[PDB]
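A note on names: the letters A, B, ... follow the listed sequences, proteins ahead of strands, and every chain is numbered from 1.
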Amino acid sequence: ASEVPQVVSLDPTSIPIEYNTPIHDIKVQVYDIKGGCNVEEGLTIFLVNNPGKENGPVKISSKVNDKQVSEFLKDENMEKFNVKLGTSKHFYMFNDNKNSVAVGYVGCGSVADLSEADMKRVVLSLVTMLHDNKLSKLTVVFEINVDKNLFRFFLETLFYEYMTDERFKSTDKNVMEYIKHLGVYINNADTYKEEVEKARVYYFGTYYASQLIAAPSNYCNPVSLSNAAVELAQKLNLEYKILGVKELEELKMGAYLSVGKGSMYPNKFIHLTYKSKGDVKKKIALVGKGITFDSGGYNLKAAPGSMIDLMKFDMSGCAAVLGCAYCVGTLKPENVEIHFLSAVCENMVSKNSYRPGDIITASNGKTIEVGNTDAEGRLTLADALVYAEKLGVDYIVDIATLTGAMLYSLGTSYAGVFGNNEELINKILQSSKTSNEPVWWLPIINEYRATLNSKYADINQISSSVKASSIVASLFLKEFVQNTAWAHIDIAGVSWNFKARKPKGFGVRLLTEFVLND
Amino acid sequence: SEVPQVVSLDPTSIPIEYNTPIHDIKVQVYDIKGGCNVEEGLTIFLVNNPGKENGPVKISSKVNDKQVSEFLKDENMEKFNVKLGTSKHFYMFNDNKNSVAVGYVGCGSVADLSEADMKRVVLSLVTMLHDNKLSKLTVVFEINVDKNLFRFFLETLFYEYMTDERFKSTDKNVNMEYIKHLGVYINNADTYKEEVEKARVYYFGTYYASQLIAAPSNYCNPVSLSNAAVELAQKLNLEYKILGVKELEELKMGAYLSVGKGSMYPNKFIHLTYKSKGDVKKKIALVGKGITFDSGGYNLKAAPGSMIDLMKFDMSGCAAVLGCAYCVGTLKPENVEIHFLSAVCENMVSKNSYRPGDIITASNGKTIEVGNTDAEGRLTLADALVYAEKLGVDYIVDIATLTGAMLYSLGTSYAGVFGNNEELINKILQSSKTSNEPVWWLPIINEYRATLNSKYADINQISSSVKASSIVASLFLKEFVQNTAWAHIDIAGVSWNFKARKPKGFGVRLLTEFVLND
Amino acid sequence: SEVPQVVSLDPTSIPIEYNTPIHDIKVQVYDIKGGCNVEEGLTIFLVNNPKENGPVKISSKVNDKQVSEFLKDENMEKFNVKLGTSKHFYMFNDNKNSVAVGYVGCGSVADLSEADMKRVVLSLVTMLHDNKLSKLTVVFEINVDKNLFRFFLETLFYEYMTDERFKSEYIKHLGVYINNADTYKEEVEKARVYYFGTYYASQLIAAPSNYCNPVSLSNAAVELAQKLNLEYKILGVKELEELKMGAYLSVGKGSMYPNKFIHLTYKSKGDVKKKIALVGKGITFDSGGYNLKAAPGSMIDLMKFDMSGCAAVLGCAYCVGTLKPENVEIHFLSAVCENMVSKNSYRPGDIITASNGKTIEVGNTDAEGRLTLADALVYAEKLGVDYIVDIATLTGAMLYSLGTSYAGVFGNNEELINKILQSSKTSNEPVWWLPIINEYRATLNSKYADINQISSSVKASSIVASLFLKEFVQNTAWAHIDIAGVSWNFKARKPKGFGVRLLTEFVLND
Ligand SMILES: CC(C)C[C@H](NC(=O)[C@@H](O)[C@H](N)Cc1ccccc1)C(=O)O
Ligand SMILES: CC(C)C[C@H](NC(=O)[C@@H](O)[C@H](N)Cc1ccccc1)C(=O)O
Ligand SMILES: CC(C)C[C@H](NC(=O)[C@@H](O)[C@H](N)Cc1ccccc1)C(=O)O
Ligand SMILES: [Mg+2]
Ligand SMILES: [Mg+2]
Ligand SMILES: [Mg+2]
Ligand SMILES: [Zn+2]
Ligand SMILES: [Zn+2]
Ligand SMILES: [Zn+2]
């Protein structure tokens, strides 16, 4: 725990973090649809679709244990409504005990397997029914087919979208009550019950990352972010070490140190370790890019579209890695040891900053000619990757908001994965499938390597000719892993939900599924 | 108090000239019905010809000299016309056989001169004074002017004639000599006589603001500007207090303090007070934006057209308020108490600067999400407005070089006024009329308020979607006045005289007439 | 048809060379086992060292004592194998004849990539361009695939050939020494064919927009079909109107050249087991239209290359027509036009109707290729084929995603994408599969028309364009190959002729 330096006494000295959220107070009950649905207080929503028939009629198929509600939901009455994806309706009636009940449905369209994107749309509709309605309970009845992973994703997403982050509200808090109870009716319920607590853990790891990402750069700087990581390790009983500048100089981490030279906050390198109590069969290092604010440095983000105002989000890789630490430390997988690493710093303009053209020496002794101070993420990752390989692990996976070009290549929905090992890339792609966080495999094109040849240094930080900047970044990172299966996930395009004006906490579940299924 | 320096050659005060050559001019007013004595120096007739576009000159005054009367006969004048701003010089021997210079300035053919027309007249008169070593000027009014326009004539003559040589060293004008006497002949002289020393006061308030504005950012910084304000207050016997960082921290002025974080000069908040002896019937806070240099901060003024080289002028608001303090302190109105306020600081790039995205807390507890460090003026004004309202005043008027959009809406001639109270706005418009500093009322459009809703903080500093930036800045300021009549004068477009390459000292006479009228 | 002219000096046809010096090279391949004969011309060894940039050491026996001396280890040690490094020396052989002997460095890595083999070849071509030689012999002291061997041959031939049509010497023999020489012999004439289809494509692309316009390009395609005995049909503006190709006709509106739609057909002898339509973007000059290419980086000077897909599809027609694969039927389609600024041009905001009835709101007149392809895809689908593959210089964003080396392929059918990926492997023209992300589809929801041509929000423009194209195929396996990044060799200042060998491999394989 280090002291956060301040310029004025009003500067904050820690990131506010909510651990005990209202989602954690929700009691979840799962029931099998074969027993019929009981319809009482709160709101009961049926998820309904109509395979084949685009915008086909709503038909409720579950038995409802109430004659009045059954009459209301009969085919004749329901057929005037359709299943258009995201569409919803509210119903009011008196049940058999003469107590008014609210019921409704959300349309799930006409395609029998919902994509992760479609399910998100269903959930967003559901959340709009929760908002601006003081409810003690929500009950959801599944009349659509979902596998266990998709069921879990539904719950994670519901929890995540429902939770409102009011840490920075003062005079403008939403005068917002949360349900206390969530009932779920589904066929073969016993088989889905295990997903409930798993969803609740994955929600929090995601939401925890999101809290770190949304925290502004005055709150979340390298000192306060490494202090938060210390606190998280203490809560989960993970080992931890925070390396400070004296130890970083001793390790010759010149690339990482150069990036931080301009900051009033000392670099802090985060190292958390989870080890299973049994025989360790796999060792994994997860590396996250940890830039708490990216101004660009002397290559200032001044160009139209450079989005300097969003650059508190440049520690999203680090957040995903810490969200993963939360999930792993909670679920406690066996036979594995996991290292959670981030070379945390801030990229600023100062008499002290590194310069375009500076030649700096990484910890593996490679000299690097700086071509653009705004390509700082790959310099911090270079040193974090050398540290990670020294740990003697089987896999290194880094995750980073590394290149704006991702917005032009995969866009805002899919992350890109690059790597030096196909078995490991396939594992990441499998984790993507079971986490429902989409990733697409992109190539490291060796032909571009030659454009990183420096006239003076051992290597160039950037290409002068190749515009394929995400692949060029990957080529540069590859030079810092000598003999270990490595994969790199570029989340520059996917991390921030531009429409909703908030983080996604992208990568937490992906990396956790990777760890668990190994 | 002590001005920090980087090197010993950095200046530690603003040079300020109080006893200017204008102050040494002996001014006499005579009634025109006694006829004009033409004895020495230069004698200029102000002549028009109503109806006749570019009509002939006809000198109507009685002239007490046969030789000069002969010269000025209609036949001899008929070659010349009254085209606005046109002028001629004549040379002749008078009755005492002493050579004299005589001439005229054409005042056009519209019998009521606008402020801009009158400025054109004065500029032509001034070109006759330049490059001619004269000890005396006499001006004969053969046009119609009310008392306010006569005063405007003199104020404008004084200000345009005065040349600012404080930063000249090897290039002072070896030929500049100023007249020692000004004679004025006008109909109903006795009623105009009162205007002479009022003009001299108003000239000085305006010229003082001008000196402060023109003083570059290495001379005029938060420390030297607040020191100059103390010296002013001492000279006029005003109560004064300068609030330093520790007091500002105690007052929780987090928005103002965040702006000045990246500067080598500590924040200084100026608070001067004039109080009439006797019953105080109106209490007024005048608030001036006082950014001594606006680099833009991490949103650096680097786009083409951003005028970074002009940004020493971003304390023009504060200068108008201090110019006003000079006039009020000199003229001593009854029945009022006036607070002259400025939150002074410099907006710089540093490891210590606030960043885009930072969430800061204003002195009224509202949290603000910073969307652009270059919208700094509204942050400093926010805390200054909160401070003003705590004083328990009847009216709060702020004046500020706030938005570049003023150049596209009103341009360089008229300031914009916005406000929450129609009677206050009308007072300002009234003062605009009698000061001859033009102002136009612009709307605060509440439909745009929703664009300042922040996802995380209570409010956004800037709009995501609305390009009407002067209106959006007024919506933001309005959030920091709770229940007091308030108006905001945006002088961004009018403050600097781009053609003459000098300040106008805009707003000193406006604000003084506002105080005096009330 | 006759090409319109503004002045009598305007060209009325594209000059094409069919018979090239490459066609006069006699090629012979020999087994390395019996040693090499260095009797005449230039001999180059392809040598690696599996020591990084370590020394050259030559292992083949040579049947000349003087040359054998030159090639002794002690001498060869002074040179290194760094990929693409070369040296060659003139000397007198055993019968006092002048010969030149050298090596090209093949690096330290066993499997040579496509890109590495290109480097080897550029270095070889550097020597050929600089020397008056009647014969070249190449000795493979490195291991190559049959396919990579053919690739070596195609690249050699293509790079060596110089295009002099607009300006106002070659070897006559090629000897190749290689292990298991008998297995590589059938690669030789296949390469010569792939060379020419690629070179032809390159000639159309390199041809400036005053020479190559929708009229002269369609005339060239007719002449190709005639030389090859393919069926051909050029659709003119009247038939295009009859067919309601309003998206395509709109793009052509501002141009002095009438739109011409090319449709060539290859049919196999024997039972036709597969039908395929290959559709190429054929914009003969893309100015951007009222959305003019004026922005820094917009490369308006290169936009003669905007018919590269069309050229790939015609080069493929040459290969298919020549090689004559069986059990397959192939349609070669291109909706050719030119995108210009005029009083007659289509405008930003215009609503146009495609041949399948879909109305389209134009957001950008520079997204013209997808409009021409929309009509071409409808046309293609009406043919009842098994696969439709289009190839197009569609989005500048490709430079930012895959870059200049690898094309992107998007599709609606994994089986078909997999076949294209495999054709990529065997052609050695690299392609990477990119996703059609359906979450972006809603951004093409137009307020007024059935669909928007462009997204306002999504910057992933190559995916957006694919989502748009996808709306014009209803029920047929389809893939789209975006070659905007890949088509032009910026550094060498010439086309690559990219896609010809890919599509021919696709046709020959499946
Ligand atoms: C100089 C370039 C090769 C690299 C440069 N990279 C960066 O700026 C990273 O440090 C940025 N964090 C990338 C970024 C930009 C916009 C939105 C999301 C992510 C980029 O522009 O992407
Ligand atoms: C970021 C924007 C919404 C607000 C911004 N405002 C400012 O820069 C003020 O701090 C400027 N001092 C106002 C200004 C700009 C140009 C000329 C004269 C005056 C402006 O660009 O007008
Ligand atoms: C408006 C956009 C969505 C589409 C636009 N597309 C085009 O300009 C195509 O018609 C161009 N022919 C593609 C192109 C541009 C630059 C370099 C190589 C290739 C583009 O610039 O990508
Ligand atoms: Mg950067
Ligand atoms: Mg500013
Ligand atoms: Mg175009
Ligand atoms: Zn970054
Ligand atoms: Zn400012
Ligand atoms: Zn095009």
Side-chain angles (χ1 to χ4, degrees), chain A residues 28-33 35-52 55-58 60-62 64-66 68-79 81-93 95 101-120 122-130 135 137-159 161 179 181-193 195-196 199 436:
Chain A
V28 180
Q29 294 275 322
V30 179
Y31 309 96
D32 195 294
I33 271 179
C37 319
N38 293 313
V39 173
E40 290 163 11
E41 84 276 12
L43 175 62
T44 300
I45 302 302
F46 292 78
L47 308 180
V48 298
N49 72 11
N50 191 330
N55 299 344
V58 174
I60 300 301
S61 58
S62 303
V64 168
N65 301 326
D66 185 280
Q68 293 300 111
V69 182
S70 301
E71 175 57 26
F72 194 113
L73 301 177
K74 71 177 178 187
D75 289 352
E76 185 162 74
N77 305 321
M78 291 299 96
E79 76 196 355
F81 307 121
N82 70 65
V83 297
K84 177 178 211 275
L85 183 76
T87 240
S88 72
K89 295 258 171 189
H90 286 82
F91 306 146
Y92 178 88
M93 68 208 81
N95 68 10
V101 296
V103 183
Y105 77 94
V106 177
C108 302
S110 45
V111 164
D113 270 46
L114 288 179
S115 67
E116 139 275 338
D118 302 324
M119 184 59 80
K120 188 160 197 300
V122 172
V123 173
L124 287 182
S125 287
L126 195 52
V127 168
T128 69
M129 315 176 95
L130 291 179
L135 295 157
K137 174 178 294 195
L138 166 71
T139 299
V140 179
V141 179
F142 282 75
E143 310 198 345
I144 55 167
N145 264 267
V146 295
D147 70 0
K148 290 165 57 188
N149 283 329
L150 193 55
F151 180 79
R152 194 193 58 255
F153 176 74
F154 167 88
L155 294 187
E156 286 157 11
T157 303
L158 178 55
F159 296 158
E161 295 299 335
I179 63 182
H181 307 281
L182 178 64
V184 175
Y185 285 80
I186 195 159
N187 282 298
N188 310 307
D190 269 355
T191 79
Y192 295 92
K193 282 190 167 166
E195 299 301 332
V196 170
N436 280 291

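Taken to the nearest 0.5 Å, the CG atom of A:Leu85 stands 7.5 Å off from the OG atom of A:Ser125. Atom CD of A:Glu161 is separated from atom CD of A:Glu156 by 12.0 Å, given to the nearest 0.5 angstrom. Rounding to the nearest 0.5 angstrom, the gap separating the CG atom in A:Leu182 from the CG atom in A:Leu158 is 6.5 Å. For the atom pair CG of A:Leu126 and OG of A:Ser88, the computed distance is 9.0 Å after rounding to the nearest 0.5 Å. Rounding to the nearest 0.5 angstrom, the gap separating the CD1 atom in A:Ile186 from the CD atom in A:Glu143 is 11.0 Å. The CG atom of A:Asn145 sits 8.0 Å away from atom CG of A:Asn187, with the distance rounded to the nearest 0.5 Å.
Contact of the A:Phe46 side chain with the A:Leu73 side chain is registered, since non-hydrogen atoms from C-beta on lie closer than 4.5 Å. Side-chain atoms of A:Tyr192 and A:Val184, non-hydrogen and from C-beta on, never get closer than 4.5 Å to each other. Side-chain contact between A:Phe72 and A:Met78 is present, with at least one heavy-atom pair separated by less than 4.5 Å. Looking only at side-chain heavy atoms (C-beta outward), A:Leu43 and A:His90 come within less than 4.5 Å of each other. Using a 4.5 Å cut-off on side-chain heavy atoms (C-beta onward), A:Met129 and A:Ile45 make contact. Residues A:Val122 and A:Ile144 have side chains not in contact (no heavy-atom distance under 4.5 Å, counting atoms from C-beta outward). Side-chain contact between A:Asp32 and A:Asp190 is absent, with no heavy atoms from C-beta onward closer than 4.5 Å. In this structure, A:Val123 and A:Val127 have side chains that are in contact, with non-hydrogen atoms separated by less than 4.5 Å.
Between A:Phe142 and A:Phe154, the angle of the ring planes goes over 60°, which puts this pair in the perpendicular group of the 30/60° scheme.
Between A:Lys137 and A:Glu40, no side-chain nitrogen of the basic residue sits less than 4.0 Å from a carboxylate oxygen of the acidic one, so the salt-bridge criterion is not met.
Side-chain N or O atoms of A:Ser70 include one that pairs as donor or acceptor with a backbone N or O of A:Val64 at under 3.5 Å. Here the side chain of A:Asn188 pairs no donor or acceptor atom with the backbone of A:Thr191 at under 3.5 angstrom.
Aromatic pair A:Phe91/A:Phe81: ring centres closer than 6.0 Å.
Contact record, A:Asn149 with A:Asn436: O-ND2, 3.9 Å, taken as the closest heavy-atom pair. Taking both residues in full, the closest heavy atoms of A:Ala189 and A:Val30 are given as CB-CG1, 3.7 Å, listed atom of the first, atom of the second, then distance. Looking at every heavy atom in both residues, A:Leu130 comes nearest to A:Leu135 through CD2-CD1, 4.0 Å. Minimum heavy-atom separation, A:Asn49 to A:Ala112: ND2-CA, 4.4 Å. When every heavy atom of A:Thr87 is checked against every heavy atom of A:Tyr105, the shortest pair comes out as CG2-OH, 3.6 Å. In terms of heavy atoms, A:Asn38 sits closest to A:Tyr185 at N-OH, 3.1 Å.
Results of the side chain to side chain contact (heavy atoms under 4.5 Å, CB included) test with A:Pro57 over A:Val48, A:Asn82, A:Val83, A:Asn50 single out A:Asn50 as the only residue that passes.
Residues satisfying the side-chain contact (heavy atoms from CB on, under 4.5 Å) test with A:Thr128, not counting sequence neighbours, are none.
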